[PDB]
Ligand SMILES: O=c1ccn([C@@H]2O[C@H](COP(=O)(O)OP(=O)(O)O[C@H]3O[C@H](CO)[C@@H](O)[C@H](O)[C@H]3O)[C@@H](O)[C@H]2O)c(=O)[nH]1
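This document starts with one chain, in the form solved without this ligand, laid out as structure tokens.
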């Protein structure tokens, strides 16, 4: 292949940096995609909605544990807490009982390791920012995971060069060369597995399934009914979806498309229906109302994914050691802060877009309890309160006094969008949200201890003079509290 100057520049750059070869291949294919003039637009005229899907709620048969012997739990760990004000890994935040997201996942994985299947395997998707503290945590708390952290557990996220918007050459930023590179999105997960040979290794040792999910999603646990469904229906790529509410109309959605498939020798077939998803970066302007129709496109991707590993390897070998996924062009600058830095593209992919890559792929509607991503301080307030409980298999559930509705946490942005300011609010105790519909807090406040919140409450410190510490031993049902 003959490639352009900018592509050869990207190649030499990535080679000089010892970027592994699968990442170079995938990236260069994307690069040719950008240069050719691919818009990356998924218009309504080329998609159909999904009328109905099977509901996990309506599944009963659990697989044998021998299936669980051929299963890998992969947990997305690359995220920092940068939303909630932390340059630390988000999975190392306390969520309950002094245990963190990683605590809960490892206790689940070893509970299944000791009660169901010894050979259940565990893996983390690490970035460079999360690797060190993760390794330290597992070294301190879970020695058996630290023993194999390098060889078996940690698979590393690769990074791709930002390319300049005008010439598509690799951007250059002398004042900090680090800004010349970015992560390729979660959809990177397949180029790493392949590119490290780790997918080949798992498949060789006889592993069949992998359950991918985000590390901050505490409700994304192993469900044996899902595995069973995958055996019964012979599925290769299952995506868990949730019913889209009007709070989710901003975010993406799942959809249906048709694709002419030809059988090359002898010529017998026609069009096939395959599942895809689109985000707003793939939706044109003129169609943004069709995008935000809750009832037209009813389902969104939870990022809980089940993949059949050898089929993944097979289709990755059909496409030259690569899984080519729809390209999202991120318009940025090299220094994301410096508005006068060279404008650039950050090419990303979503790991759910791989659903279109498989001949037998389906989606399964699941309860929203399996999509509870902690992204706001309000979240881990709801999770730290007794509203949730830990079962003996170390999963978190809602308590039954909630009746399926978790409490609504309406924290003020001024004082509680950061962690270091969130500590103060709950430094004394965490109030009892077991039978609370809504907690609103608009001013500087901190709770006492043994506080019980019932029904709908709203706490105000309008004056803002000083922390309105709430009286200890309090019990507020339907009650407002000002000074």
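Numbering follows the first chain given and starts at 1.
Stretches 398 to 406 and 146 to 154 differ in mean CA B factor, with 398 to 406 having the higher one.
Looking at 127 to 135 and 248 to 256 together, the entry lists the larger mean B-factor for 248 to 256, computed on C-alpha atoms.
If you compare the C-alpha temperature factors of 175, 269, 94, 240 in the entry, 269 comes out highest.
Sorting 277, 230, 106, 411 by the CA temperature factor given in the entry leaves 411 at the top. Split the chain's modelled residues into thirds by C-alpha temperature factor. Residue 49 is in the lowest one. Ranked against the other modelled residues of its chain, the C-alpha B-factor of residue 13 as given in the entry falls in the lowest third. Annotation for residue 7: C-alpha temperature factor in the lowest third relative to the rest of the modelled chain, per the entry. Ranked by C-alpha B-factor against the other modelled residues of its chain, residue 338 falls in the highest third. In the PDB entry, a CA B factor belonging to the middle third of its chain's modelled residues is recorded for residue 24.
Keep in mind that the form solved in complex with this ligand is not shown, yet the notes after this line are about it.
Screening 119, 319, 375, 115 for any heavy atom within 4.5 Å of this ligand in the bound PDB entry leaves a single hit, 375. Only one of the listed residues (300, 229, 181, 146) places a non-hydrogen atom within 4.5 angstroms of this ligand in the bound PDB entry, and that residue is 300.
For the candidate spot formed by 37, 332 and 342, no residue has a non-hydrogen atom within 4.5 angstroms of this ligand in the bound PDB entry. Of the candidate stretches 272 to 280, 306 to 314, 138 to 146, 332 to 340, only 272 to 280 contains residues with a heavy atom within 4.5 Å of this ligand in the bound PDB entry. Shown alone here, residue 284 lies farther than 4.5 Å from this ligand in the bound PDB entry, counting heavy atoms only. In the bound PDB entry, this ligand sits beyond 4.5 Å of every heavy atom of residue 191. Contact annotation: residue 198 falls outside 4.5 Å of this ligand in the bound PDB entry, judged by heavy atom distances. Taking the partner from elsewhere, residue 90 is found to have a heavy atom lying within 4.5 Å of this ligand in the bound PDB entry. Along 78 to 102, these residues reach a heavy atom to within 4.5 Å of this ligand in the bound PDB entry: 78, 79, 90.
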